[PDB]
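Everything on this sheet refers to the single structure shown next.
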Amino acid sequence: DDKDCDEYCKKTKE
Amino acid sequence: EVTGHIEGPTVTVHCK
Numbered sequence: 001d002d003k004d005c006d007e008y009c010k011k012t013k014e
Numbered sequence: 015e016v017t018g019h020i021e022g023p024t025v026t027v028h029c030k
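If you read the protein sequences in the order shown, they are chains A and B. All residue numbers for the first sequence refer to the working numbering, where the first residue is 1 and numbers rise by one. All residue numbers for the second sequence refer to the working numbering, where the first residue is 15 and numbers rise by one.
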């Protein structure tokens, strides 16, 4: 669950 | 480094 936000952040901050 | 977590009804990003 909380990993989704982190993964999302990586996608936009990539 | 960039990491985030589920805060409230929205995803929060933190890059330190």
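A virtual CB, placed ideally from N, CA and C, is assigned to each residue, including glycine.
Query                                                                     : Result
Terminal residues of the beta strand (DSSP E) in which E7(A) lies         : First-last for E7(A): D2 to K13, but that is the alpha helix (DSSP H), not the beta strand (DSSP E).
Three-state secondary structure assigned by DSSP to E21(B)                : strand
Straight-line Cα distance separating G18(B) from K30(B)                   : 11 Å
Contact list for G18(B) against chain A, beta-carbon separation under 7 Å : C5, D6, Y8 and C9
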